[PDB]
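Protein chains in written order, with the entry's author numbering: chain X, 3 to 87; chain A, 1 to 142, 174 to 636.
In what follows, a structure is listed as C-alpha cells, so that the remarks can point back to it.
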Amino acid sequence: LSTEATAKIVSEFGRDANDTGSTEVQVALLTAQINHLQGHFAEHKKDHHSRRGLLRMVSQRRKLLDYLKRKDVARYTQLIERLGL
Amino acid sequence: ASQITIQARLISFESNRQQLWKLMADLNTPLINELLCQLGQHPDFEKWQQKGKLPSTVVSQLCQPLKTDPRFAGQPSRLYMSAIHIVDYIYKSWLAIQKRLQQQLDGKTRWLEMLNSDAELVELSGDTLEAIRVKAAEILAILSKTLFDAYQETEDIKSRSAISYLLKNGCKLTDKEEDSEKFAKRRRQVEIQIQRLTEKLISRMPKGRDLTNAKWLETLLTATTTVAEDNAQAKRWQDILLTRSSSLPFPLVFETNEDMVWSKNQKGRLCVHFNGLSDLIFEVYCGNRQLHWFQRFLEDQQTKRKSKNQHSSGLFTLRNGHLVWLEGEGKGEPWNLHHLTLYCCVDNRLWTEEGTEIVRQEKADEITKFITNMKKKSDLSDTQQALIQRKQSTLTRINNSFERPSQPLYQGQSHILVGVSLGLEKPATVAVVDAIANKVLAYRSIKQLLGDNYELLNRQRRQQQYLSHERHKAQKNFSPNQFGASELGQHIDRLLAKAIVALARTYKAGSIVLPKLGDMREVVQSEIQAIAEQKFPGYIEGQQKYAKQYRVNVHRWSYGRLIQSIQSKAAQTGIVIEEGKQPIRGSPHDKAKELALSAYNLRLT
DNA sequence: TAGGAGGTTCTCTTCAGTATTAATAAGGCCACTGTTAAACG
DNA sequence: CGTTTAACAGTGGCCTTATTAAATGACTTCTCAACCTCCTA
RNA sequence: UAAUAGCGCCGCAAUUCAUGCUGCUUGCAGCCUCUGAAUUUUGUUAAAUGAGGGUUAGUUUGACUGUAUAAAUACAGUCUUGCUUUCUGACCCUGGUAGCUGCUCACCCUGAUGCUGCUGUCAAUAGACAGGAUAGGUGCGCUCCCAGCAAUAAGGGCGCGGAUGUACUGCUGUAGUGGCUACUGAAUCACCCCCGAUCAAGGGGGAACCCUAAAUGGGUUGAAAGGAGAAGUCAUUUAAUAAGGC
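This is the structure we're talking about:
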C-alpha cells in the first residue's frame, strides 16, 4: 500500500488528529489492501506467495472486528457500515 | 494376468481436439463430480461401507436419469459409460480400503484384549504362571487363526489365559520369565496401532475434480467482501482458499477393445477413432519400441473383419484404453497445451500364439463357469438370456486362432528357486538356490545386479537428499521448483527387476520368491513411537524427532514398487512368483537363501 | 453388406483381521559436579 | 609421594500442539467387455 | 585467517573369505591373480566420487521371417513412428524490459535446516567489465564447520505515539528479498555446418575412420528402461489458523 493512500485512509478513518493504530484505522488499512488484492487474485491464480498474505490479512481484520464488536457494538456497526463488510 | 500399458500421443486438428476438450472438461468431468456426490449421499451408503462391494448396477442407476440432464446432455453413450466406469472404480476402491482397515482395527482390538503380562495373566487366571505355561503347551499340542478361534470360542478364564500366553510368544513356549518392560512397550505399541487405525478410518470422501474452480472463486469473494462470525468458519474459508485447482479432465476408460477402431492413414500412419466419436480421427505418434503393439492392433481388427466377425475380439491383443490429457508447459488454450495420450492396456501374454492359447483356455474356463452359474437360475430374464447368448457366442468364437508369432513358452526347472531379500540399505539381494540340494547355485548383490548401473543407486541417495533439501529451500520462497527422484527410483527398480528375471532365466529357475512384507512402514512407525514415548515421556516434539531419519527412510523405501516391477517382468517371462517370510535376523544372503527355502517347503503342500 | 452409435449385464462363494523370533538406533546444546589419570616440587 | 590441573563422564533443565492446505517421496485398493441390434450408406 | 571435529559418499590400501580363481580329491585342498562379499582404514605426488541453471520428435536399447544355435547369442533378410523416463556427452547461460503482488524492518541481544562465499580487471566504495562452472572448508558434499550479514527462525530485552474489554498497531525506503503474468537474450544439439518444420518435415552440404586401390560407391563417428489411470492413506517439510477439537 502506498504511503499517500495510507495517509489518506488514516485521515478519512480518523477519530482525531493523532489516532494512527485505532481499531477503525487498522481495519481500514486491512480492507484497502484486501480490496486491492482481490483483483490481482482474479488475474494471477498461481501467486500463492500472495495467497498466504491475503489469508493473514483476512484473519487480522476478523480479529480486529471481533474485538471492536465486544468492546463497543455501536462503533463496530458504524465501522462495518462504512466499509460495507 | 500380465496386463501392461503402452502409450502413444494422438495428433489431430485444432478443432478435432477442441471437440474432445469441450466434451470432457465441460460435460464429462462435471458428470463424474455429480455422480460422486450422489453416490455419497445415497441412503445405503453406510451399508456399503460395512461391506467392500458396492452393488453392480447402482452407479448406472444414478446415471440413467442423469444422461438427459440439461448440463450433462450431448455425449456419446460409450462416454457416459466412461464416466460410470470411472466412478464405479473409485467407489469400488474406496469401499475396499476402508473395509479392510476396519477389519484390521477389529483384529487389533481383539489382540489388545489378548495381551496380558505374566503377572497380569496370573492375577486374571488366579493360578501360578507355571500352570498357565503347562496348559499353553497342552493347547499348542491341540496356525494362529486356529488359536484365535479357540480363544473367541471358549469362555473359561484359564483356557483363554493359556491362549493369551501362547500368542504372546507367537505359538512358542519361552520360559524366560523376564522383560516385563518389554511387555509394557508391546502393549503400548498395539495401542498406538489401534490409535493410528482409528485416525485412518476417518477418511475424506472421494473428492472429484473441479476444473472451473467455482467454489474457490466464490469463496474468495465471500471472504474478502464479508466477515466470518467464528473461528470454525474462517478456518473453512482458509481451507477452501488453499485447495489445489485441478485442471485436467478425467480419462476415458473404453472397456471394450473394439471401441477404438483402427485404420491406416493414406501416408501409412496408424489412426484411431473411438466409438461414439467417429468424426474425430486421431493419428498415432508412438515410438518404434511400441510400434508392434499398434500394428498388431490394426492387423487384429482387420483379421476379425476379414472373417465376417468369426473371430472373438476378446482374444485381441488390446484389452482397453484410457484417453487422457497430459500436462503441457507454457500457455494457450488447453487443447493446444496438453497432449492427448492413448494408454492401451495389452495382455502381453497374447502376443505369442502359445500365450494366446493360454489366454484362450483361461477365458474359455471362466466363461463356461459363468454359463453354468447363470444356468442354475430359473428367472430367465430377456437381457439375461441375451447375456447367456453372448457367452456361448464367445465360446464358439474363441477357437478360431489368429496368426501370431510363435515362441515355445518357458520350461522352468521347478527345483531352482530365486529368493529376493529387500532392505532399507540393501534394496535387493538375490540368491539362486537349488532346493533338492540346499547348496545355492549362485549369489548376487546390489552391485552385481546393477552392474555398470550401480552408480545410479548412490546417485539416487545422494540427490534424493539433495532434492529433499532443495524443496525445503524453495518452499519457504514459494517457488514451484519442487523436484524429486521418483523417476530415478522407478528406473532403478526396473533395472533390478530385469536383472533378477534375467538371472532366473540364466540358471533356468522355476520360480521367484518375494517376501510378504505386510504393513512395513506402519509397524516401524508404531515401534518408534512406543520407544520415544518412554525416551521422551511428555515431549511430543521429541517423540517425533526421535528416529526421524529412520522413519522417513522406511516411508520412502519402495518395497511395493520393486515387488510390482519384478512381478510384471516375471509374468511377462513366465516365472511363477511365490511368497515367503523374510527372516528377521541374518545377512541378506542368508535371508534370501532361507526365504526361498521356506517358500519351497511350504509350496510342497 | 459395412460402418457407426448405442444396449447390457454378472460374476467367484464368502470372509478377513488379530502372533512372534531383535535390533537397528538414538537427542542436542549448556552447564554443572564428580572421577581419574598423568606430570611434577 | 603425595597432588593438582587436564580430560572425560554422568546429571539436570529445556524443549508446545492440533487442524487444514500445498510440494515431494512412498504405500494400499479398483480397473484392464464382448457380442448383439438397429440405422443409415 | 579460518574451516577444526561429526556425518554420508566414493575410491586407496590391509585383513579374512567365497558367489571368485586354481586344482581335481568333487566337496574338499590351497590362493587372493581377476570377480565379488565382510570388516577396518587412510585420504598419497591419487584413484574414484563430485550438488549453479538450462537446450534435441537427438543416438542406442525395436518387431517379424530364416539359418547356426537346446537356448541365449550371432548372422542374414524384411519393416521402423516421433510415447514416458534414467544416464553419458556436447553446447548455451549466469538475463533484460515492463507491469501486478506478498513478506520483513523504532532500536538492541542471542542466533536459525537463515542468507551470502568463483576467476581476473577496474575500483577496492558498492558496484561495473570480461570470463565462468574448478565456485568457502575436507578426496567429494552436508542441515556439519569457517567467515560476513542476519528484520524477514525462535526467544528475550526495550523507547516513544495511538489503541487500550481479550485485538493489536506506527516509527517503512522498493529498502531488502520473494511470487505471478507479458514481451524478450543464448543454446533448440548427439561427428560438424546450412535452410526448414515443430498437433510436423525433412532436405542438403562437409569432415574423420573402415571397407573399398579408389567411386557423397557403401558403411561407423555414446548408452539404458518401461504398468498405466483413478481414488484414498502415511511420512517429511512449508505456510496460515487455533489456544483444543469435537
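The beta carbon of each residue, even a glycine, is placed where N, CA and C say it ideally should be.
- Along the region 37-48 of chain X, the positions whose C-beta sits under 9 Å from a C-beta of chain A are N37, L39, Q40, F43, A44, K47, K48, read in chain order.
- A distance below 6 Å between beta-carbons, with the five flanking residues on each side excluded, links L39 of chain A to the following residues of its chain, in chain order: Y91.
- Counting along the chain, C317 of chain A sits inside no alpha helix (DSSP H), nor does DSSP assign it H or E at all.
- Taking 4 residues as the minimum length, the alpha helix (DSSP H) runs contained wholly in the region 61-107 of chain A are 64-67, 77-94, in order along the chain.
- Going by C-alpha positions, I139 of chain A is about 8 Å away from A193 of chain A.
- Legend: CB atoms of the region 490-519 of chain A lying less than 9 Å from CB atoms of chain X belong to residues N508, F509, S510, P511.
- Annotated three-state conformation of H342 of chain A is coil, per DSSP.
- Straight through space, the alpha carbons of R77 of chain X and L70 of chain X are spaced by roughly 7 Å.
- Three or more Cβ pairs closer than 8 Å define a contact, and the region 580-592 of chain A falls short of that threshold against the region 606-614 of chain A.
- Under a 10 Å Cβ-count criterion, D310 of chain A is classified as exposed, with fewer than 16 other Cβ atoms of the shown protein chains found around its own Cβ.
- Taken through DSSP and simplified to helix, strand or coil, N351 of chain A comes out as strand.
- Residue environment analysis places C37 of chain A among the exposed positions, since fewer than 16 neighbouring C-beta atoms fall within 10 angstroms of its C-beta.
- Assignment of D465 of chain A by DSSP, reduced to helix, strand and coil, places it in the strand class.
- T5 of chain A sits away from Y485 of chain A, with the two beta carbons spaced by 7 Å or more.
- By the neighbour-count criterion, in which a residue is buried when 16 or more other Cβ atoms sit within 10 angstroms of its Cβ, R17 of chain A is buried.
- Going by C-alpha positions, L635 of chain A is about 16 Å away from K612 of chain A.
- Inclusion of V451 of chain A and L354 of chain A in the CB contact set at 7 Å is not warranted, their separation being larger than that value.
- Secondary structure at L453 of chain A: coil, using DSSP grouped into helix, strand and coil.
- Contact holds between the region 21-29 of chain A and the region 78-89 of chain A, because three or more Cβ pairs, one in each stretch, are under 8 Å apart.
- With 16 or more neighbouring CB atoms inside 10 Å of its own CB, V221 of chain A falls in the buried class.
- Within the region 435-452 of chain A, no residue places its CB atom closer than 9 Å to a CB of chain X.
- The Cβ atoms of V449 of chain A and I543 of chain A lie closer than 7 Å to each other.
- Between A563 of chain A and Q574 of chain A, the C-beta spacing is below 7 Å.
- Taking the beta carbon of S24 of chain X as reference, no residue of chain A falls within 9 Å; the closest one sits roughly 18 Å away.
- Rounded to the nearest whole angstrom, the CA to CA distance from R64 of chain X to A505 of chain A is 30 Å.
- For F433 of chain A, the closest of A:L368, A:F401, A:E393, A:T334 by C-alpha to C-alpha distance is A:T334.
- Judged by beta-carbon spacing, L115 of chain A lies within the 7 Å limit of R218 of chain A, meaning their Cβ atoms are closer than that value.
- The beta-carbon distance between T425 of chain A and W382 of chain A, rounded to whole angstroms, is 21 Å. This is too long to meet the 8 Å contact definition.
- One thing to note: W293 of chain A has its Cβ within 7 Å of the Cβ of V303 of chain A.
- In chain order, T460 place their CB closer than 7 Å to the CB of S476 of chain A, counting only its own chain and leaving out the 5 sequence neighbours on each side.
- At least 7 Å separates the CB of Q264 of chain A from every CB of chain X.
- Residue pairing for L308 of chain A: DSSP places it in a beta bridge opposite A:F305.
- Taking C-beta separations shorter than 6 Å and ignoring five residues to either side along the sequence, the partners of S277 of chain A in its chain run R240, following chain order.
- For the region 289-311 of chain A, no residue has a beta-carbon sitting nearer than 9 Å to a beta-carbon of chain X.
- The shortest CA-to-CA distance from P280 of chain A to any of A:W366, A:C376, A:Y196 is the one to A:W366.
- Residues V59, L62, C63, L66, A83, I84, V87 of the same chain have their beta carbon placed closer than 8 Å to that of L35 of chain A, with the five preceding and five following residues left out of the count.
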